[PDB]
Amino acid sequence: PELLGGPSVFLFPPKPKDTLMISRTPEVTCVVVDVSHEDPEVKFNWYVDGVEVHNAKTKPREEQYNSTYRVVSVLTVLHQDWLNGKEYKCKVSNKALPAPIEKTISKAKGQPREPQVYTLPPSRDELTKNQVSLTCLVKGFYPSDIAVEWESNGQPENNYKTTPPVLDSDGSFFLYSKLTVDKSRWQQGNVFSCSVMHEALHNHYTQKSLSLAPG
C-alpha cells in the first residue's frame, strides 16, 4: 500500500541578462524531479505558441541524495520571441504519471515601466571606515526582471551585492545595489558606474556614474 504520487515538473525562465542582450543565448529550463528507478524514462515535447519545436537538449540525468533522478531539458529561445511574449510549453511524459504534465511560461505581463536609476555616495558617517558603500537605487520598474552591475574605468567591479526586486506601493519594483570599495579609491576621485539592463530602457541599457567631486 504505497502513497499516491509521481514526478513533479518545474519550468524556469531565462536569466534577465540573457534576455536583454541579443549577443547572449537565453534558455528556458524544464526540470523533472522525483523520477523513480521504477519508471525512469522521461519524454519532453516543447511548443512555442502551440507549435512544436525540436531543438531542445536533455541533460544527462542525475541521481539525487534521496535516490530519485532529476532530468532537465533546455530549450534555447529567440531574443525577440521571449521579449514579445511568446509562450513556451514543456510537456513531460512518464509512466508514473496518469497523463502528461504540461507547464507554460512566458515573460511577465503588464505594461513595462522604465527604471529610474539614482547613484548615492557614502554617508559622511561611513567615511571613518576603511571601506565605503556606493549605492545604486533603481526604482519605478516593471516587470521585476532586471540586471545590475558596476564598473570603473571600463573594468567590472565585482565587490557588490544587489537586493531582490521589492514591490513598491504603486505596483512597480525597486531595488538597491551596494558596491563596497576601499575608501582611498573613493577619496582619489575614481568614477564608478552603476549599469542597468531592463526591457523598458532605451537599447535595454543605461548607466549612471558616481564620484567624489573635484576641488
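Each residue number is its position in the shown sequence, starting from 1.
The mean C-alpha temperature factor is higher for 152-160 when 40-48 and 152-160 are set side by side.
According to the PDB record, 126-134 carries the higher mean C-alpha B-factor of the two stretches 126-134 and 90-98. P214: CA B factor lies in the highest third for its chain, per the PDB record. The PDB entry assigns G110 a C-alpha temperature factor belonging to the highest third of its chain's modelled residues.
Among all modelled residues in its chain, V181 ranks in the highest third by Cα B-factor. The deposited CA B-factor of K15 belongs to the middle third of values across its chain.
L201: CA B factor lies in the middle third for its chain, per the PDB record.
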